[PDB]
């Protein structure tokens, strides 16, 4: 059971209020990261590890890791960071088939920023 991705941006600060569209692709063999939207689509249910290191050239930075719960049919910020120019973070999240995870930043308009996730434990039922 394989499902992983690692993507980059190579810029200072992308556009806010939208999913960060990471263009640079370090790994994406299962094609579970959508480069056209910046969202990771879960196709294998289980526990996933997400890690990111984002640089931001904005004021009042607000970094959020979103999860769209497919079964609950609603989106929420599973993780949030505030007022940090160089925001780093990592978290474990359990995902179901259809769930979506992506990164988002908010700030006021006035370096490799990464976003990595992989399946650690797959569900066994």
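Positions refer to the first chain, counted from 1.
The stretch of deposited sequence separating residue 10 from residue 11 contains no residues lacking coordinates in this entry. Taking the PDB entry as given, 26-34 carries the higher mean Cα B factor of the two stretches 26-34 and 44-52.
Stretch comparison (75-83 versus 91-99) by mean CA B-factor in the PDB entry places 75-83 on top. In this PDB entry, the Cα temperature factor of residue 19 sits in the middle third of its chain's modelled residues.
Placement of the Cα temperature factor of residue 113 within the chain: highest third of the modelled residues, per the deposited record. When all modelled residues of the chain are sorted by CA temperature factor, residue 125 is found within the highest third. In the PDB entry, a CA B factor belonging to the lowest third of its chain's modelled residues is recorded for residue 39. Residue 59: CA B factor in the highest third of modelled residues in this chain (values from the PDB entry).
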